[PDB]
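To start, the structure under review is shown below, and the notes come after it.
Order of the sequence lines sets the chain letters (A, B, ...), proteins ahead of strands, with each chain counted from 1. Values below: every heavy atom of this structure, side chains too, minus hydrogens, waters and symmetry copies.
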There are 2 protein chains.
Amino acid sequence: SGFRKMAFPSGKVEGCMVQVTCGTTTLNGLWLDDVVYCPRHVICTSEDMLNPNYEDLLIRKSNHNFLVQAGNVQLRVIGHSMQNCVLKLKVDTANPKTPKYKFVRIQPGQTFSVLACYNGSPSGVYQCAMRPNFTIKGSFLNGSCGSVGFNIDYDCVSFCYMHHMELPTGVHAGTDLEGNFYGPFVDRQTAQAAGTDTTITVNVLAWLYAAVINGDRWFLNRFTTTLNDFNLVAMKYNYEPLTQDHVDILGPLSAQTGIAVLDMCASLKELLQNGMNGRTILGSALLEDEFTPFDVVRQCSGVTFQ
Amino acid sequence: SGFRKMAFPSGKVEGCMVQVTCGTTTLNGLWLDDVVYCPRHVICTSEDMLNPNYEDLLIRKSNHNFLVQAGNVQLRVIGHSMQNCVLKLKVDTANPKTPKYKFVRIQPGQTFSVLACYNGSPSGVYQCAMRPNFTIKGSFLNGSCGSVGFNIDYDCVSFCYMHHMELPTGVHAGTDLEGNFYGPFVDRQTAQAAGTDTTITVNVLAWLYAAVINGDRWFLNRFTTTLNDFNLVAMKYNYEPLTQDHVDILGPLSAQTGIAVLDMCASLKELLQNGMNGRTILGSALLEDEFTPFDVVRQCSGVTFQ
Ligand SMILES: *[C@@H](CS(C)(=O)=O)[C@H](CCC(N)=O)NC(=O)[C@H](CC(C)C)NC(=O)[C@@H](NC(=O)[C@H](CC)NC(=O)CCOCCOCCOCCOCCNC(=O)CCCC[C@H]1[SH]=C[C@@H]2NC(=O)N[C@@H]21)C(C)(C)C
Ligand SMILES: *[C@@H](CS(C)(=O)=O)[C@H](CCC(N)=O)NC(=O)[C@H](CC(C)C)NC(=O)[C@@H](NC(=O)[C@H](CC)NC(=O)CCOCCOCCOCCOCCNC(=O)CCCC[C@H]1[SH]=C[C@@H]2NC(=O)N[C@@H]21)C(C)(C)C
Ligand SMILES: [Cl-]
Ligand SMILES: [Cl-]
Ligand SMILES: [Cl-]
Ligand code: NA
Ligand code: NA
């Protein structure tokens, strides 16, 4: 038993991380097969990141204007193209450690592991969620771009995020592995703001089910609620409205625990209105929203089948 | 910027994980060089884990009573010995992926990454701390024994924990890699209890420095305190007494931020007496104690030198 912010094992992604340098710009690349993927802003100088012309910048470059190092061993670039906001660099050697993989574009509320990298080298792993405003609450410094987010399913790595920038609020923005931004953001040093964020209601409910699985039951009450009366309360506390589809995906946890989804909604309603009274739930004084229903089943049972 | 519960990249440890089976007991082993390390209770049957005689159980076994699988490929055992609560299994093949490593025994308050494993296969990574009562607040199920805790320094893996059991309070106990229990625990299914736990004061202070580094400053006040007047308050809230040695190891964060350690103690005193008033610090309503001073410097700067 126990319930932690759990990330996927990072080794399969570590074997893909390389360094990419173009001019006075160095960052991280993802080496899969004979392609290295990386943020297109590697082709900028610092003096030219406010409103760059990537199209011009790219034609002006040749394959020898890209040092790719896999640790110590240079990889010769033999081709270069841009898709949306990523650079694809064709190299002369397929990565022997390329895992089984997919490029996926995730939905807001979905979680993933981030391998934070510097100088093409893995530094740390943590878990986070695509926020409803298409930002992530990451931990990233200068040099971290090209770090990726991923889920693992079987021996299959689903890459979902590549890091590009920090907004002034201290939150992070990036792309899918086809180079398409999550949210209404562009890769330039302009005054962009995220939407006001919201609490991921279905994840809060999933995490109250994890608390019950782990013997933490004090907040369960004898009441029920309708979906609309729940949303009337929840939206007052800046929770996303709960949808029938979200009730549906909670069904397996409801069946496992014997607590009806709208009964768990009743418990959450009372927690929002009354607060916790100095109590905690799985060691938290806040209601956590960065575990999906799948995350709860994986950590509480699925891992034993690894 | 940003501050997450960050684990070390797990790939170097993933390359060491194998499965060990002896009879009706399967768990995880750590394969370094030509030795596999694992909990000695692999030599029990379930019916015989209440008060086993490991000495007897061990002599009754031969090298062919141990199936070691590195994924699909069996490793022939050519010798077997017991040190404290670990089994060492000599095999005929040194692990080609053995990292540079040390066995270290950590202190209470120190943090480490856990690679949780089932069937000799990596399932998840999370960060935790050796609690003052020599337990850890883990996430472990049936099949997880032999999962390890570690820190990485350079390319060097310091192994500090091997998982053996869960106490009735839902917390975890285990050994160093020489098989010595952290705390007053034994590897048998008897009614053992941990000491009442305490809050790791120096880690709370480290995490208030991380909050200041990351622009979260609301809780800083104009006051100072003496060490004894601080401990008078802190011990009332179940905090470990702050020692001069703990003040000393906060010095680098004090110099970086320009906030004197005893001024930060004054801010923590006011937080303990008044509470947060619905405010949060780095997204928490509780004062977090599972980041060391080193953890804060690593995540806020050190990683850029990876
Ligand atoms: C990874 C990179 S690496 C290489 O280090 O590995 C890092 C990861 C960072 C992290 N901590 O997570 N990423 C980066 O460093 C980013 C790279 C960028 C290429 C995306 N950068 C950042 O993350 C930086 N973040 C930002 O800069 C953010 C969001 C991008 N923004 C801000 O912080 C707020 C800044 O606002 C300042 C105001 O900016 C301008 C306002 O925008 C509107 C104007 O836009 C149109 C521009 N117009 C022109 O240029 C016209 C020119 C010609 C006509 C002119 S000339 C005379 C006329 N008069 C006029 O008025 N106009 C006419 C960072 C580093 C975190 C801060
Ligand atoms: C990893 C293993 S694996 C194989 O699955 O990979 C797992 C990880 C578990 C996890 N979730 O983290 N680990 C385990 O399964 C552990 C393996 C063990 C070998 C350590 N087990 C556990 O973690 C279990 N945990 C526990 O069992 C814990 C702590 C060990 N304890 C409890 O939960 C509380 C249980 O208390 C029950 C009472 O027990 C007995 C009281 O103890 C005092 C007595 O001790 C002396 C015994 N005396 C004798 O035997 C005397 C016999 C002869 C004389 C007798 S006969 C007639 C006379 N009359 C008398 O009165 N006496 C005389 C677990 C699985 C989590 C619950
Ligand atoms: Cl939701
Ligand atoms: Cl302390
Ligand atoms: Cl909290
Ligand atoms: Na919803
Ligand atoms: Na102390």
Let me have the donor-acceptor pairs involving side chains of residues 40-47 of chain A, under 3.5 Å, with sequence neighbours excluded, atom names and distances please.
| residue | atom | partner | partner atom | Å |
| --- | --- | --- | --- | --- |
| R40(A) | NE | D187(A) | OD1 | 3.4 |
| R40(A) | NE | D187(A) | OD2 | 2.6 |
| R40(A) | NH2 | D187(A) | OD1 | 2.8 |

Can you tell me which residue among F112(A), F140(A), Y182(A) is in a ring-ring contact (aromatic ring centres under 6.0 Å, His included) with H163(A)?
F140(A)
With ring-ring contact (aromatic ring centres under 6.0 Å, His included) as the test, pick out the partner of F3(B) among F291(B), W207(B), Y209(B).
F291(B)
What do you reckon, is [atom1] of [X] surrounded by more than 12 foreign heavy atoms closer than 6.0 Å?
X: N53(A); atom1: CG; answer: yes
X: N142(A); atom1: CG; answer: no
X: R76(B); atom1: CZ; answer: no

side-chain contact (heavy atoms from CB on, under 4.5 Å) assessment of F159(A) paired with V13(A):
CA-CA 9 Å; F159(A) 296 104; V13(A) 176; 3.9 Å; yes
[Y] and [X], any side-chain heavy atoms less than 4.5 Å apart:
X: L87(B); Y: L89(B); result: yes
X: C128(A); Y: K137(A); result: no
X: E166(A); Y: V171(A); result: no
X: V104(A); Y: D176(A); result: no
X: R131(A); Y: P108(A); result: no
X: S158(A); Y: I152(A); result: no
X: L115(B); Y: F150(B); result: yes
X: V202(A); Y: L250(A); result: yes

Mind checking side-chain hydrogen bond (donor to acceptor under 3.5 Å, both in side chains) for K100(A) and listing every partner two or more places apart, or none if nothing turns up?
none
Considering all heavy atoms of both residues, which atom of [X] and which atom of [Y] are nearest to each other, and what is their separation?
X: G146(A); Y: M17(A); result: O-CE, 3.7 Å
X: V36(A); Y: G29(A); result: CG1-CA, 4.0 Å
X: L27(B); Y: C145(B); result: CB-O, 3.5 Å
X: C160(B); Y: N151(B); result: SG-ND2, 4.3 Å

Under the side-chain contact (heavy atoms from CB on, under 4.5 Å) rule, what do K102(B) and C156(B) come out as? Steps first, then yes or no, please.
CA-CA 7 Å; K102(B) 295 138 88 293; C156(B) 196; 3.4 Å; yes
Does the side chain of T175(A) pick up a donor-acceptor pair with the side chain of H164(A) at under 3.5 Å?
yes
Which atom pairs, one a donor and one an acceptor, fall under 3.5 Å between side chains of residues 297-306 of chain B and the rest of the protein, sequence neighbours left out?
| residue | atom | partner | partner atom | Å |
| --- | --- | --- | --- | --- |
| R298(B) | NH1 | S123(A) | O | 3.1 |
| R298(B) | NH2 | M6(B) | O | 3.4 |
| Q299(B) | OE1 | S139(A) | OG | 2.6 |
| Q299(B) | OE1 | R4(B) | N | 2.8 |
| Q299(B) | NE2 | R4(B) | O | 2.8 |
| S301(B) | OG | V297(B) | O | 2.9 |
| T304(B) | OG1 | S301(B) | O | 2.8 |

Distance from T111(A) atom OG1 to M130(A) atom CE, nearest 0.5 Å?
11.0 Å
What is the distance from atom CG of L58(A) to atom NE2 of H80(A), rounded to the nearest 0.5 Å?
4.5 Å
Residue pair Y37(A), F103(A): steps toward the ring pair (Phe, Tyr, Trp, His ring centres under 6.0 Å) verdict:
CA-CA 12 Å; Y37(A) 301 80; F103(A) 294 168; 5.2 Å; yes
Run the side chain to side chain donor-acceptor pair (under 3.5 Å) check on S121(B) and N119(B) step by step: do they pass?
CA-CA 5 Å; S121(B) 287; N119(B) 312 310; over 6 Å; no
Please test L32(A) against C16(A) for side-chain contact (heavy atoms from CB on, under 4.5 Å), starting from the C-alpha separation and ending with a verdict.
CA-CA 6 Å; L32(A) 299 170; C16(A) 300; 3.6 Å; yes
Tell me whether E178(B) is salt-bridged to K88(B), with the criterion being a basic N under 4.0 Å from an acidic carboxylate O.
no
Ring pair (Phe, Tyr, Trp, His ring centres under 6.0 Å) between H172(A) and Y161(A): does it pass, once the steps are laid out?
CA-CA 11 Å; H172(A) 300 105; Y161(A) 179 90; 8.7 Å; no
